[PDB]
**Student:** 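Take a look at this one; I'll ask things after.
Each chain gets a letter, A, B and so on, in the order the sequences are listed, and its residues count up from 1.
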Amino acid sequence: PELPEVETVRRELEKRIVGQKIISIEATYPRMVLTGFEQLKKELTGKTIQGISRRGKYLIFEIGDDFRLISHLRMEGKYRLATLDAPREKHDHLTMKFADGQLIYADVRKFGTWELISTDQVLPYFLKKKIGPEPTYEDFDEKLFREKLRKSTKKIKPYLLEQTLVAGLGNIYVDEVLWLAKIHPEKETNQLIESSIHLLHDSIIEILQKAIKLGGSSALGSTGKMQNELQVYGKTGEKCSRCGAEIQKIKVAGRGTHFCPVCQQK
DNA sequence: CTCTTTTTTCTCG
DNA sequence: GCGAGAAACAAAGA
DNA sequence: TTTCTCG
Ligand SMILES: O=c1[nH]c(=S)[nH]c2[nH]c(=S)[nH]c12
């Protein structure tokens, strides 16, 4: 999941589990609780969920007054809300049980993580990861963005994916963003001129805010509609510009990369 | 049998 | 620094 | 790394 899907999950969770008391926590895969399942079980049991926030692709459960559970879904993490008597499915790893239902975390590839953090350690946690600004007009300052692009020789697609220029882009939306900004994924960022950087800046914000509006692309968050709006991701061999160009797929810095060669020249 | 495909972090030259 | 490659893991799809 | 797929 990328920022839009996580934000969709956040919103659904906010509606359903805020105000609920955690009755018990169970794990068939405790190793995904990086700070220690035992400790997490002991601190959070009996606590009431006060809210859910998000930073980039990270979910943040606000539980009791002094704890935060930071959850990352990585590649295939999924939450679902189920009755207390729901059967176990094969890749369920964790469950937070309430009085009248449970929240189950599943992850086929086991990449997803949980970390229990002190409330005043949350801001330092994201500082250490060097996570960039949220993709909004208010937080995503184009001037700093521009200064960083100009000082670097990195290719624009893997640089954007670093989460440091701006938070929340993953493989789908960076491909959609570069298509929309008419920029080649392998463009060296110090070659970008001012007007391209401006278009790229706005496009990053516009695409992500749109995806959020449509509930993300495709359990919680499984009713998204952004996938219908995708212009290049996963559409190899299909048309992009009303002239005849087909979408090409190449490998860039280890990632499958979809682009329209005629519209996205260097 | 083999290989490649689908977020974050680490190695290493 | 930097980037190429791989690690963590499961299930495809060839 | 493990298992499936027409296997
Ligand atoms: O956190 C990341 N760091 C790097 S270097 N690349 C990358 N690609 C995605 S997606 N996330 C990240």
Side-chain angles (χ1 to χ4, degrees), chain A residues 1-10 27-30 32-35 37 54-60 69-79 89-94 104-115 117 125-127 129 131-132 134-135 147-178 184-191 204 208 211 216-219 221-222 224 226-227 230 232-237 247-250 252-259:
Chain A
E2 306 178 22
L3 187 144
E5 294 68 43
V6 178
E7 172 61 18
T8 302
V9 163
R10 191 204 67 81
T28 53
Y29 194 62
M32 69 164 280
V33 181
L34 305 186
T35 48
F37 177 71
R54 183 195 44 72
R55 184 74 171 94
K57 307 179 189 166
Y58 294 75
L59 267 179
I60 309 169
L69 168 54
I70 298 184
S71 164
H72 205 297
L73 283 57
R74 292 292 189 102
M75 290 294 293
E76 287 198 28
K78 291 165 168 55
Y79 282 102
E89 296 185 2
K90 176 161 189 226
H91 298 106
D92 296 344
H93 299 321
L94 304 169
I104 302 168
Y105 181 74
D107 192 329
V108 172
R109 307 182 64 181
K110 302 178 153 71
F111 290 171
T113 58
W114 278 14
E115 304 166 270
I117 297 308
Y125 176 98
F126 288 106
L127 285 172
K129 302 202 176 291
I131 302 307
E134 292 299 308
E147 269 308 277
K148 284 180 169 175
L149 291 178
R150 290 181 161 172
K151 287 193 298 192
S152 183
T153 48
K154 293 176 183 180
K155 298 175 176 187
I156 181 68
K157 173 166 163 168
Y159 200 176
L160 285 174
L161 291 176
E162 284 186 6
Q163 303 310 293
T164 50
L165 297 168
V166 56
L169 292 163
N171 207 37
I172 298 172
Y173 297 118
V174 71
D175 280 10
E176 297 292 314
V177 154
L178 294 170
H184 193 300
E186 294 184 311
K187 183 74 159 171
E188 297 193 345
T189 69
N190 64 15
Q191 293 303 295
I204 286 162
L208 289 179
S217 300
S218 316
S222 59
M226 184 60 188
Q227 59 271 32
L230 294 181
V232 296
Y233 179 84
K235 305 207 170 307
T236 315
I247 297 173
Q248 284 190 9
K249 185 176 187 190
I250 55 165
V252 177
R255 309 300 300 274
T257 297
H258 308 81
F259 76 112

**Student:** Check whether any side-chain nitrogen or oxygen of A:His91 sits under 4.0 Å from OP1 or OP2 of C:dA11, and answer yes or no.
**Tutor:** yes
**Student:** What's the closest nucleotide to the A:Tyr58 side chain, out of B:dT9, B:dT6, C:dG3?
**Tutor:** B:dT9
**Student:** Using the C1'-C2'-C3'-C4' torsion, which pucker class fits B:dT2: north or south?
**Tutor:** north
**Student:** For D:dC6, give the paired nucleotide (Watson-Crick: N1-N3 plus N6-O4 or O6-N4; G-U: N1-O2 and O6-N3; both under 3.5 Å), or none.
**Tutor:**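 Pairing partner, where one exists within any strand: none, as none qualifies.
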**Student:** Within the structure, does a side-chain N or O atom of A:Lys129 lie under 4.0 Å from either OP1 or OP2 of B:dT9?
**Tutor:** yes
**Student:** Can you tell me the distance, in whole Å, between the CD atom of A:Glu162 and the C1' atom of C:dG3?
**Tutor:**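 Checked: the CD to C1' distance equals 11 Å.
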**Student:** Please check: side-chain N/O of A:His93 versus main-chain N/O of A:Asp107, any donor-acceptor pairing under 3.5 Å?
**Tutor:** yes
**Student:** I need the CD-P distance between A:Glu76 and C:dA12, as an integer number of Å.
**Tutor:** 11 Å
**Student:** Under 4.0 Å, heavy atoms only, any strand: does A:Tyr159 hit a base, just the sugar-phosphate, or nothing?
**Tutor:**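 Since no nucleic acid heavy atom lies under 4.0 Å of A:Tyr159, the category is nothing.
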**Student:** Expressed as a whole number of angstroms, how long is the span from A:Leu169:CG to B:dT8:P?
**Tutor:** 11 Å
**Student:** If you check the A:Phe111 side chain, which of B:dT8, C:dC2, C:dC9 turns out closest?
**Tutor:** C:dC9
**Student:** Round to a whole Å and report the spacing from CG of A:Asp107 to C1' of B:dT7.
**Tutor:**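 My rounded result for the distance is 10 Å.
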**Student:** On the nucleotide C:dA10, are OP1 or OP2 found under 4.0 Å from the side-chain N or O atoms that A:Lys110 carries?
**Tutor:** yes
**Student:** Using only side-chain N and O atoms of A:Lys57, determine if any of them is under 4.0 Å from OP1 or OP2 of B:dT7.
**Tutor:** yes
**Student:** In whole angstrom, give me the gap between the P atoms of C:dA10 and D:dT2.
**Tutor:** 8 Å
**Student:** Rounding to an integer number of angstrom, what distance separates D:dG7 and B:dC1 when you compare their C1' atoms?
**Tutor:** 11 Å
**Student:** Calculate the interatomic distance between A:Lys78 atom NZ and C:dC9 atom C1'; express it in whole Å.
**Tutor:**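 In whole Å, C:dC9 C1' lies 14 Å from A:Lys78 NZ.
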**Student:** Using atom P of each nucleotide, how far apart are D:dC6 and C:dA6 to the nearest Å?
**Tutor:**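 Nearest-Å result for D:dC6 against C:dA6 at atom P: 30 Å.
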**Student:** Between C:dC2, C:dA10, B:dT8, spot the one nearest the side chain of A:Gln163, thanks.
**Tutor:**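 Of all the options, the side chain of A:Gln163 is nearest to B:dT8.
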**Student:** With respect to A:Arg54, which candidate in A:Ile60, A:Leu3, A:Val9 satisfies the side chain to side chain contact (heavy atoms under 4.5 Å, CB included) definition?
**Tutor:**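 Testing each of A:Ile60, A:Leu3, A:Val9 against A:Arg54, the sole residue satisfying side chain to side chain contact (heavy atoms under 4.5 Å, CB included) is A:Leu3.
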**Student:** Considering only atom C1', compute the distance from B:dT6 to D:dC4 and round it to an integer number of Å.
**Tutor:**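 It comes out at 15 Å once rounded to the nearest Å.
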**Student:** Does B:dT6 have its OP1 or OP2 closer than 4.0 Å to a side-chain nitrogen or oxygen of A:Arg255?
**Tutor:** no
**Student:** Rounded to whole Å, please give me the gap between CZ in A:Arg74 and P in C:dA8.
**Tutor:**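 Interatomic distance, CZ of A:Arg74 to P of C:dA8: 13 Å.
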**Student:** Apply side chain to side chain contact (heavy atoms under 4.5 Å, CB included) to residues A:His184 and A:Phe259 and explain how you reach the verdict.
**Tutor:** CA-CA 8 Å; A:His184 193 300; A:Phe259 76 112; 3.9 Å; yes
**Student:** Do side-chain atoms of A:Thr113 reach the backbone of A:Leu34 as a donor and acceptor pair under 3.5 angstrom?
**Tutor:** no
**Student:** Determine the Euclidean distance between corresponding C1' atoms of C:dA8 and D:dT1; express it in Å to zero decimal places.
**Tutor:** 9 Å
**Student:** Find the distance A:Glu2:CD to B:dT8:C1' and express it as a whole number of Å.
**Tutor:** 13 Å
**Student:** Using the side-chain heavy atoms of A:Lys249, tell me which of these nucleotides is nearest: B:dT8, C:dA10, B:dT6.
**Tutor:** B:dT6
**Student:** Does the side chain of A:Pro185 come within less than 4.5 Å of A:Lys155's, by heavy atoms?
**Tutor:**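 A:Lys155 vs A:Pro185: side chains apart.
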**Student:** Measure CZ/A:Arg109 against P/C:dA7 and give the value in whole Å, please.
**Tutor:** 13 Å
**Student:** Categorise the sugar of B:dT5 by the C1'-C2'-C3'-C4' dihedral sign as either north or south.
**Tutor:** north
**Student:** Considering just the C1'-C2'-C3'-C4' torsion, please state whether B:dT9 has a north or south sugar.
**Tutor:** south
**Student:** Under 4.0 Å from OP1 or OP2 of C:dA11: is there any side-chain N or O of A:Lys90 that close?
**Tutor:**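 So the side chain of A:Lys90 is within the cut-off, an N or O lying under 4.0 Å from OP1 or OP2 of C:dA11.
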**Student:** If pairing requires Watson-Crick or G-U wobble contacts with both distances under 3.5 Å, which nucleotide is the partner of D:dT1?
**Tutor:**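 Because no pair has both required distances under 3.5 Å, D:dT1 counts as unpaired.
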**Student:** Does the pair A:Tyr58 and A:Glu115 meet the rule for a side-chain hydrogen bond (donor to acceptor under 3.5 Å, both in side chains), with working shown?
**Tutor:** CA-CA 11 Å; A:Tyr58 294 75; A:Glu115 304 166 270; over 6 Å; no
**Student:** Are any side-chain N or O atoms of A:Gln163 and backbone N or O atoms of A:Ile131, one a donor and one an acceptor, separated by less than 3.5 Å?
**Tutor:**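 Not at all, since once roles are kept as given, no pair shorter than 3.5 Å links the two residues.
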